[PDB]
S.K.: 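The following block contains the structure, expressed as C-alpha cells.
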Amino acid sequence: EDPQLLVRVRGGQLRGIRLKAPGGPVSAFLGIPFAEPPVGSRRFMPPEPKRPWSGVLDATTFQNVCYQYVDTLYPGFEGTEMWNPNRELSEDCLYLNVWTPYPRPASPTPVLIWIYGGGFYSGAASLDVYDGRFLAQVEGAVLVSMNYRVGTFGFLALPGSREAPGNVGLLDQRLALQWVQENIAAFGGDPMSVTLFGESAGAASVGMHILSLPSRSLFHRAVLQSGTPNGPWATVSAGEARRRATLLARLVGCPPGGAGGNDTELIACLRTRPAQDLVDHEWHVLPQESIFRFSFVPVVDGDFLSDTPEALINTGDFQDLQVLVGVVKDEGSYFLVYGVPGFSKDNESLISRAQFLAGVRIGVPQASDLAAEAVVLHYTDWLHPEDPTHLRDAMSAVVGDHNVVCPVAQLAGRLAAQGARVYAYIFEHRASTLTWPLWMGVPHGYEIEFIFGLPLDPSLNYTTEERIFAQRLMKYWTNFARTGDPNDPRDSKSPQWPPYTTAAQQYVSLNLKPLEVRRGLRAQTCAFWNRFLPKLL
Amino acid sequence: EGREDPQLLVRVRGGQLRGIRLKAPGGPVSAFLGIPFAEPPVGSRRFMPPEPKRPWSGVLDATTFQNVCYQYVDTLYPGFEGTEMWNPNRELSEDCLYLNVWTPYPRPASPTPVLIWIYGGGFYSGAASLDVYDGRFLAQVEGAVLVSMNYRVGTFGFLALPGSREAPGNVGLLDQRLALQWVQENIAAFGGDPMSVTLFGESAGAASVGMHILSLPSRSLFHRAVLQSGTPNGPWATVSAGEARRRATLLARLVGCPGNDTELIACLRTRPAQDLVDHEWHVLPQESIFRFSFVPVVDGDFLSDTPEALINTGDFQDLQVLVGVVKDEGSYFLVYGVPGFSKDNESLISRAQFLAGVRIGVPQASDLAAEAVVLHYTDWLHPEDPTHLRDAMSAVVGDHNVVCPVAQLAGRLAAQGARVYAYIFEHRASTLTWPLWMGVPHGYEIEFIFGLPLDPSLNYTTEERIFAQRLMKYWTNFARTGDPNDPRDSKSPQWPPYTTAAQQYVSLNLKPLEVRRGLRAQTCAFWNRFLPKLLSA
C-alpha cells in the first residue's frame, strides 16, 4: 500500500502502479477517466466531464482504445502492427495516462502532454512508442497522454447541427488539457508550464489548440512533429464535412428512405448503428482516389476554428509562444505502399515514368491536369527523366513535400513573422531496428521512439550510439518544455540550435553527428507549393 | 592585265575580278572583297527577292568592302568600343548586296573546305565587313576558304505583306541563299570545294543558319552547320504571317501610307530609306528587349511551317551541327531597356525592378506565366538580394531567348538523327569593355573563333592567342570532317557528341576541354515544356 501511488484528484482517489525504468522506478497512473463515456446518445457529441467516483479507482492499467479502423495491409508485420490498437476497441475510451518521477517531484515540474497521430482515424495513447516512463525517469518530466475520439466518432460533423457539431475529437483533447490544469499539481506537475507535443495528426491537433482561443489558456508551448493545422489534409470545409457525413449516412441505410430531415433525424439513425458499421464505410466517402487524405478530420466550423487555419496563421498574434516544429527525412515514403501502383515494402519499387504520372494524380488528388503537369515537370530530374530510382524517390518527395514539409515551412514562417519564437529541425536517423525496406528511408513516426527514450531499454536492441542519440533528443524536448528553448545551458561550442526566422530560415539536422545548422527548408520547392500552386487554381 | 599579281585575277560566272594580297600575322592571304551577287535591290526592287547579278564587263575591282545594307546605327554610348564595334564601317546604302572571299596565298592547288559566315544583328543590323569577321586568319592559319555576304536587314530585308507579290517577306534570307548559290557555282574558281560548304553564324546569323537547315531549297547548298547563340525556333527569330502583316501595315501608317497590298507597298517604295529606319522600332506590340520588328516570317514558302513544327517532324539524317551559347546570353540587352541596368555601375536592382524586368524580358507572358518565371528564378533564401536579382534578370532573358531554344534545338536534332556537338563559351576577353557584371555577353566569342588574337598588335594575352588557335582548330576541323576533334591528337580530351541520353557538351575556356551534362536541363524544362501550356490558359 504505497502512498506514492495514491493520489486524490478532483473526482476522487486513484491508485497508480510502480513501473520500472532502466535507471530507477516511476509512478504511473494509467486509464484515468476524464470524461463521461461518449456512448449511446453521446456519440458525435462534445465530451462532458467525468462524474466523481466513490472509493479508490484502479489506475494501474491502460484503458480501452477508441473505436477505429485497424490496419490489415501486412498482417503480422511489425512495421504496421506497432501502430495498431494494443487494447480492446470501445467507444468508452475517454481516458488519460500520467507518468511521474518516483518519488513524486518535490517541486512543481514542467508537464509534457502527448497527442498521438493516426490521420484522425486511428491511434491510441497506449502504444509502446508513447511510453512515458523514460522521460519521467531520466528527465524528471511529468508526462500526460490522452485518448481522443477518431474517425466518425471523433470527427463526423453536420456543421450547424446541435447533435453532431464536429471537432469533438479535438474537444476530447481540450477536456484532457483542462483536466491537467485542475489536477496535475496533485501529481506534482506544474499547471503553469504545460507543453503540448504531438506527431502527424497529433501535430495538426497541437496546431489547432494554438489557433483556438479557448485552448490557449491551457498550455504555454507547443511541439509539432511532421504535421500542421494548415495544408491539404488536416481540415475540411463545412460543405465538404456535410457531404461526407450525409454520404456515410446514406451508405449505412440512414435514414431508411427519406432521406434527411433534418440533421436531428439523420443523427438519431446514425447513433443506432454498431460502431463497426460506421467504420466499414469510413473509407468510401473520399471525393477522389488518393493517399494522405482521410475522411473524417477537423472541420472549419466557425466555432472551434473560427476561420481556415491558413487565414488564422496569417493574422494571428503569437508573441508569447514558443514552438518547436520539424519533419523527418522521408515524410512521403510510408503512404506510397497504401495505394500507389508500383510500390511495395517487399521489392525496391523501382517505378516507370507512367507509374510516376499516375501516382501524382493520386498524391495530389485535387490537382487539375495543368497543376499535375507542373508537379511532374518540377519533380522530374531532366538529366535522368526515366531512371526508376529517381522516379521512385520523387514520388516519395511529392507526397512528403505537399503534405508535410511545405506546410511545415509555411507554418514556421508565419509563426516567426508574427512574433512566435520558433525552432525547426529535420530528423535523419533511420533506426537500426526498422523493419521497412531501405528505400523508404526515415518514414514519419520513426522518430517518436527516440524522443520517447525507448533506446534506453537495454532489452530493445538499439545500437549504443542510438542510446546516446535518444538521450540528446530527450534533452532537447524537455529543455524546450522547461524553458521554451531546446538548447542546453551547460554546454558549448557543439553548436547552438538557432531560432527559425523568415530572414535566415535556419534549422538543424537531428542525427548521430552533432547538430548541423542548415538554411532554408526545401525553399525553392516550397515556393512552388506554397506560392505558385495555389495561383494555378 | 600584264603588270600585276597573277594570283589576284579570278573569273567568276559574271566576269573578272581583281583581289588584293593582304598581310596576316604568319603570311599573305588573298581577299576578293565586295563581289556583287545580286542586282542592287533598289527603287522598284525594294522588298522584293534578289535577282542574280547581271554579268559585267572588264575587270571588277574587288579590293575593298562594299556598302553596308541600310540600317539603324546605335548611339547609346558614343566613343564606346563595346557598342561601336558592331556599327556599320562602310557607307549605308540599299545597294548593298555584295559578298567577300578570303583564301590562302597562293590559292590552294586542291579543293579546300569552305566556311560561309552569316553575321548577326537581330535582323535589323550587321555587316560582313566588321573587323571581328576578318577572314584573313582562318584563311592564312587553317587554309580555309571563307566567304561572307551582306544581306538586307530591317524593313528592307523583312517587311512583309504575306501573300502579296511585291513584299513576300524573308527576302533577307533569300539574299543569303542567293550568295549560297553563288558559292556553289563559283567558289571552285578560288580553290574552294563546293561539296564541302559549312554555314556558321552568330545570333540572328545563327537563326539564319537554322532557317537554311529547315528550308529545302537551301539544303543542297551546304553540308554542315554551326549555330552560335541563336536558333530558328524560339521567341524572337520568327513572326506569324498575321503579326508580320500587322507590323508592316502599322509601319506604313507611321510614314504616311494608307484593300490593295499593291498600293501600300508602292507607297512604301517612294519613302526614303531613313524614314523606314526612323520608325522601325515603333511597331512592337509591347515594350520589350530581345524582340525585333522585322524578322523572318512563317510564310508557308521559305518556312513551310513554324520552326518548332519543322524541328519536331523533320529528318536530320545527313546533318552534322555544332551549336552553343556564351556564359551570359542575357546581360547585353538589359542596358538597352530594363530600368535599373547600366554599363556604368554594378546594376544592383530591387525586387520591384526585377518583377518589371520580367514583364519586359518576357513580353508575351500573362500575369500567371510571369509569376511563374519570377517564382522560378527567385532565390527564396535571399529573395530581396540585389546581386542575385540582377543576375537572375540576366538569366531569364538569356535562358528564354537563347540557352533554352538552343537546348530544344540540340535535343530535337539529336533525336532526328543528326550529329550534334554542343558548347558553352566561358572566356571573357581580356580587352572587353563592358563591365564585369555582364560576364561574357553574346558576340564576344566571335573574335576568338575568327582568330583575332593572333594579331600581335591587338593586346590579347598569350593564353588568349593559344585559345584562339584551339577554337579555330575546332571550327575548321568541324567544317572539314563533321567532327571538331583532332583525328590524330587523341592526347587532348575528346568533345563527345550531344545526345538525348547523355546531353554532353563542352566548356570552352583557357582550361582544357571539360565535359558537362545537361544544358540548364531543369530550367529549360520550365521554358520548353511547362511554359507553353501555361500559355493555353
Side-chain angles (χ1 to χ4, degrees), chain A residues 18-26 28 77-83 86 99-102 112 114 126-141 143 145 197 199 223 225-226 324 326-331 333-334 345 423 425-482 486-497 507-518:
Chain A
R18 190 186 74 104
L19 296 175
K20 53 83 48 78
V26 303
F77 172 50
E78 179 64 321
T80 50
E81 299 285 21
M82 62 171 299
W83 311 103
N86 66 347
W99 288 267
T100 86
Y102 194 101
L112 291 109
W114 167 261
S126 65
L127 306 177
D128 292 346
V129 291
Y130 310 148
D131 182 353
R133 92 226 284 121
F134 314 108
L135 290 165
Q137 201 271 309
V138 185
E139 285 301 339
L143 197 130
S145 73
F197 68 138
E199 186 266 348
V223 179
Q225 308 179 195
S226 304
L324 167 71
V327 298
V328 295
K329 197 190 108 269
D330 293 283
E331 299 282 358
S333 72
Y334 195 99
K345 65 168 210 81
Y423 298 84
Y425 73 73
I426 189 169
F427 181 93
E428 300 187 310
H429 173 60
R430 196 173 144 109
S432 40
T433 57
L434 201 32
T435 54
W436 294 96
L438 297 101
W439 76 257
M440 298 194 188
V442 182
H444 46 57
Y446 294 93
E447 85 277 20
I448 302 169
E449 66 206 66
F450 298 93
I451 308 312
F452 266 89
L454 258 68
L456 274 57
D457 186 346
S459 86
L460 272 154
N461 294 333
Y462 285 105
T463 79
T464 140
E465 295 96 284
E466 285 177 336
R467 177 188 73 73
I468 287 166
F469 186 37
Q471 301 191 295
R472 284 179 55 221
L473 299 182
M474 304 169 59
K475 246 281 176 286
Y476 290 144
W477 266 236
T478 35
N479 280 332
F480 179 81
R482 267 176 284 279
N487 290 287
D488 203 353
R490 347 145 139 212
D491 197 351
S492 310
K493 313 314 147 34
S494 70
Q496 286 270 304
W497 189 338
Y507 62 99
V508 303
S509 58
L510 293 176
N511 54 45
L512 309 164
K513 301 170 280 183
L515 290 174
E516 175 187 288
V517 176
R518 303 181 192 166

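The sequence lines fix the lettering, A, B, ..., with proteins before strands; numbering per chain opens at 1.
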S.K.: Given 3.5 Å as the limit, does a donor-acceptor pair link the side chain of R133(A) with the main chain of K20(A), or not?
M.R.: yes

S.K.: Run the side chain to side chain contact (heavy atoms under 4.5 Å, CB included) check on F452(A) and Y130(A) step by step: do they pass?
M.R.: CA-CA 6 Å; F452(A) 266 89; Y130(A) 310 148; 4.3 Å; yes

S.K.: Distance check, rounded to the nearest 0.5 Å: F469(A) atom CZ versus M474(A) atom CE?
M.R.: 13.0 Å

S.K.: Classify the ring geometry of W497(A) against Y476(A): parallel below 30°, tilted from 30° to 60°, perpendicular beyond 60°.
M.R.: perpendicular

S.K.: Please examine the side chains of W99(A) and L19(A), heavy atoms only from C-beta on, and report whether any two atoms are closer than 4.5 Å.
M.R.: yes

S.K.: Closer than 3.5 angstrom, by distance alone: can the side chain of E449(A) be matched with the main-chain N or O of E447(A) as a donor-acceptor pair?
M.R.: no

S.K.: Please report the closest heavy-atom contact between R430(A) and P437(A), naming both atoms and the distance.
M.R.: NH1-O, 2.7 Å

S.K.: Strictly distance-based, threshold 3.5 Å: is any side-chain N or O of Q137(A) a donor or acceptor partner for the main-chain N or O of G23(A)?
M.R.: yes

S.K.: Who pairs with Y334(A) by ring pair (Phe, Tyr, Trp, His ring centres under 6.0 Å), at least two apart in sequence or on another chain?
M.R.: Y338(A), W436(A), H444(A)

S.K.: Do any N or O atoms from the side chain of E466(A) and from the backbone of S432(A) form a donor-acceptor pair under 3.5 angstrom?
M.R.: yes

S.K.: Is any side-chain heavy atom of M440(A) closer than 4.5 Å to one of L434(A)?
M.R.: no

S.K.: Could you tell me if the ring centre of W83(A) sits under 6.0 Å from that of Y446(A)?
M.R.: yes

S.K.: Do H429(A) and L512(A) touch side chain to side chain, with heavy atoms closer than 4.5 Å?
M.R.: yes

S.K.: Within a strict 4.5 Å, meaning less than it, do heavy atoms of the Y423(A) and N487(A) side chains meet?
M.R.: yes

S.K.: Only one of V442(A), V328(A), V327(A) passes side-chain contact (heavy atoms from CB on, under 4.5 Å) with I426(A); say which it is.
M.R.: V327(A)

S.K.: How are the rings of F450(A) and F427(A) set to each other: parallel, tilted or perpendicular (split at 30° and 60°)?
M.R.: tilted

S.K.: Who passes salt bridge (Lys or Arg N to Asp or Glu O under 4.0 Å) against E78(A), sequence neighbours left out?
M.R.: none

S.K.: Answer yes or no: is there a side-chain heavy-atom contact under 4.5 Å between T100(A) and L143(A)?
M.R.: no

S.K.: Nearest 0.5 Å please: distance from the CG atom of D131(A) over to the CD1 atom of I448(A).
M.R.: 13.0 Å

S.K.: Closer than 3.5 angstrom, by distance alone: can the side chain of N86(A) be matched with the main-chain N or O of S126(A) as a donor-acceptor pair?
M.R.: yes

S.K.: Salt-bridge test for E428(A) and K513(A): reply yes if a basic N is under 4.0 Å from a carboxylate O, no otherwise.
M.R.: no

S.K.: If you count the non-hydrogen atoms of other residues, nucleotides and ligands that lie under 6.0 Å from CZ in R518(A), is the total more than 12?
M.R.: yes

S.K.: Should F197(A) and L324(A) be marked as a side chain to side chain contact (heavy atoms under 4.5 Å, CB included) after you check the CA-CA gap, both sets of side-chain angles, and the distance that decides it?
M.R.: CA-CA 9 Å; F197(A) 68 138; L324(A) 167 71; over 6 Å; no

S.K.: Evaluate the side-chain proximity of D457(A) to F134(A): yes if any heavy-atom separation is below 4.5 Å, no if none is.
M.R.: yes

S.K.: Supply the atom-to-atom distance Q496(A) CD to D488(A) CG, rounded to the nearest 0.5 angstrom.
M.R.: 9.0 Å

S.K.: Does a side-chain heavy-atom distance below 4.5 Å link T433(A) with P455(A)?
M.R.: no

S.K.: Say whether, by atom type as modelled, one donor and one acceptor occur between the side chain of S145(A) and the main chain of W114(A) under 3.5 angstrom.
M.R.: no

S.K.: Ring pair (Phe, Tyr, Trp, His ring centres under 6.0 Å) with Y425(A): which residues, sequence neighbours excluded?
M.R.: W477(A)

S.K.: When you measure from the side chain of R467(A) to the backbone N and O of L456(A), does any donor-acceptor pair fall under 3.5 Å?
M.R.: no

S.K.: Quick check for you: to the nearest 0.5 Å, what is the distance between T435(A) atom OG1 and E81(A) atom CD?
M.R.: 10.0 Å

S.K.: Looking at every heavy atom in both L112(A) and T478(A), which two are closest together, and how far apart are they?
M.R.: CD1-CG2, 4.0 Å

